[PDB]
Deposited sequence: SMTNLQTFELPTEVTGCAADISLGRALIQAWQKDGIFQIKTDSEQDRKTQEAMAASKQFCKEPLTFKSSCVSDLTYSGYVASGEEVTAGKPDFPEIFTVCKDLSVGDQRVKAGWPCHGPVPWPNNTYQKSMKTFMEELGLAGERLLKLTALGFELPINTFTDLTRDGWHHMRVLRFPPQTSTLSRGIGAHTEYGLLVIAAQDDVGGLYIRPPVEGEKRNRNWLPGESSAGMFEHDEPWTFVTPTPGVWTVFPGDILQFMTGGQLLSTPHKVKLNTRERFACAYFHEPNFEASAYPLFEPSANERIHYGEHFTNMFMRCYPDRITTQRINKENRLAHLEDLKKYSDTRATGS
């Protein structure tokens, strides 16, 4: 809580002795702190700062242009400050969401799969910066998933077998400065996939909740057990202090389900600061068609990830044209 643990990942994870020891240490760090940091090399750091710069430049565009970067096929594109709701309350960052960039010629888009479509990019320079960043983030996610399997003494590709053509996506965020009566950036929530890899500038605002002995956690993938808003005003909340040259990593709903709670989907929230805050949250996700399964309970329960993703994003954006078209064309009922 006072100081987060920081790890260096190897370029390749093969299953050697050092890989197993590192994977164990990563799991223990999650089980104690709910989060850890990983050191970035010069290339990872450059691509991070390049993405932040593109984010700041895009936010300087007029609102009428930013609001035009929307799609009714995919949730990729702009989200205005105040548009997204968490636990019914408006969240206040402006966001650009980057999901899998699929042309209208892609077979899944022609088949009308929910959430599948081309990103409404503001320009190609912004596109190149975000795609390059997400390639680098994906390499880290695969390393982390192999180390996580090794740390549980599972076959090395237990999780990466679910992430071939994974539904990886990213939220490019700018939080506005606070007012005297409003400091809620995003309410307490958990993410939906396997891993969250996050970067931030030096302003500060992210808080996470570590595992708490005796504290039962809602299973955000079940009806009536949303994690949105839970524990929001009760300690403990660890401040994720801005630290140069690191990314933060914590698990999502799928890891909690697959490990039977031995890993918890880390609740987190953002408070507005006295200055605007830029951050990027990347989500290393299963394939949209993947079905996650219990690893430690020899059980019929499954999570169809794509269904979880679509359910979650419709609850984030009930009035977005993407949500309207899913309802109008029964795209989720179809799924």
Query raised in the report: Which parts of the deposited chain sequence are absent from the coordinates, listed in sequence order?
Result: 1, 300, 338-351
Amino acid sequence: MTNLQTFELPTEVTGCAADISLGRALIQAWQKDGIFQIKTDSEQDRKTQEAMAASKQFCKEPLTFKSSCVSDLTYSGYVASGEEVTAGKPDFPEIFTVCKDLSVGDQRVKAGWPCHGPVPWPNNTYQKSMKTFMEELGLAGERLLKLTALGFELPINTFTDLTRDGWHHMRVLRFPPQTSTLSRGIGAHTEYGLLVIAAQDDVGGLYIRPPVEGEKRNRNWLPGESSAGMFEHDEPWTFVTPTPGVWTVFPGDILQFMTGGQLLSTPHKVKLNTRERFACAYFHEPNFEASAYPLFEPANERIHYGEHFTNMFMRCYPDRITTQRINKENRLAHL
From here on, numbers count along this sequence of modelled residues.
**Report entry** Entry-level comparison of average CA B-factors, 269-277 and 303-311, reporting the higher stretch
**Finding:** 303-311
Report task. Could you check the entry and say whether 286-294 or 37-45 has the higher mean CA B-factor? Result -> 286-294
Query raised in the report: Checking the entry, which one of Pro93, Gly88, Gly252, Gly141 has the top C-alpha B factor?
Result: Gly88
Report summary line: Split the chain's modelled residues into thirds by Cα B-factor; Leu22 lands in the lowest
Report summary line: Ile156: CA B-factor among chain residues, third -> highest
Query raised in the report: With respect to C-alpha B-factor, does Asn220 fall in the lowest, middle or highest third of the chain as deposited?
Result: highest
Requested in this report: Using the B-factor values recorded in the entry, state whether the Cα atom of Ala228 falls in the lowest, middle or highest third among the modelled residues of its chain.
Outcome: middle
Query raised in the report: Based on the entry's values, in what third of the chain does the Cα temperature factor of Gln178 lie: lowest, middle or highest?
Result: highest
